[PDB]
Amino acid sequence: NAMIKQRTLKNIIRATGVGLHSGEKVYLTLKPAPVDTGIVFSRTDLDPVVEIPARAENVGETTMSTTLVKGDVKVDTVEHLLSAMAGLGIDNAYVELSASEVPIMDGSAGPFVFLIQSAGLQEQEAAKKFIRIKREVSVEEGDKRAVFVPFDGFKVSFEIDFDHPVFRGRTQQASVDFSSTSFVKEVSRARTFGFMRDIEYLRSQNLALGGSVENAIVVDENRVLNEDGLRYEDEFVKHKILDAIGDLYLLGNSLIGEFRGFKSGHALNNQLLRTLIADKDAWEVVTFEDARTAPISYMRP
């Protein structure tokens, strides 16, 4: 008789930071929103205020980060904040930003999960809608691949392939089944990362202006440059899982299914969502009026 309900924020919560790509200072405000609103970004620095729903149809650029666009108005680097929202099961929220990029914080979803849980969650008087994968859907480009597989729960598998001394062994693949593994404990703290030769190229072009060892793992030709080391033995692949969860949440609803990524990035993740949405026979919308019968579990609000 206990139904799985939609969730929003119990209180407003505020954060400040800098954009990884733009280097601009930005004020972030997360606000409660009504049932069936979904996640909506709002550029409050503009006149009039521009709202951009966090949906696959509004993705505009996918080079290095996922960017939402509406006309000429952009919201860059939404993936880590959306991963935190998805991890905590937030259905409805307003995300107000004073600039064109979500703050990078420490490069992970950790600060966002903590800010959300500090504000608390509010269950709403409406059933949470899930998108259930009924048939396999895959997208490929070159040697990159991203797949949705029917699965009674939610599971993300990812494999990276870097021919580099730091990237050897079993730490290049990971699978997380959220029926037994905690998004907060095992995925949320995984930071973004960049290779020194790529970073140098980006800096030569006056790009990635906000990036440093304070908000990213920096790896040169042989080692991790961050003095204090890694948060997980497999932090790099866990961050790709974090990215995939955030990019997947642009479907607008939590998924019941499995994602498998092989060298996939924001572009291929978004192509997978667009293929799934277009293949209506591959999915269905489902609700759980009895939480006992559900294959996905959310933490108490």
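Start at 1 with the first residue shown and count on from there. Under this definition, the rigid core comprises the largest set of C-alpha atoms superposing within 1.5 Å between the forms.
In 4 other deposited structures of this protein, superposed by the rigid core, the C-alpha atoms of 191 to 199 lie farther from the shown form than the other of 74 to 82 and 191 to 199. Per-stretch RMS Cα distance to the displayed form in 4 other deposited structures of this protein, following rigid core alignment, is highest for 59 to 67 when 59 to 67 and 24 to 32 are compared.
Compared with other entries of the same protein, residue 169 falls in the group left without coordinates by at least a third of them, where both flanks are modelled. Between 115 to 123 and 148 to 156, the higher mean Cα B-factor belongs to 115 to 123. Comparing the deposited coordinates for 66 to 74 and 236 to 244, the stretch with the larger average C-alpha B-factor is 66 to 74.
Sorting 264, 253, 271, 29 by the CA temperature factor given in the entry leaves 253 at the top. Residues shown: 140, 96, 101, 163. Highest C-alpha temperature factor in the entry: 163. Placement of the Cα temperature factor of residue 129 within the chain: middle third of the modelled residues, per the deposited record. Ranked within its chain, residue 204 lands in the middle third, by CA B factor from the PDB record. Among all modelled residues in this chain, the alpha-carbon of residue 188 has a temperature factor (C-alpha) in the lowest third.
When the CA B factors of the chain's modelled residues are split into thirds, the value for residue 228 lands in the highest one.
Split the chain's modelled residues into thirds by C-alpha temperature factor. Residue 80 is in the lowest one.
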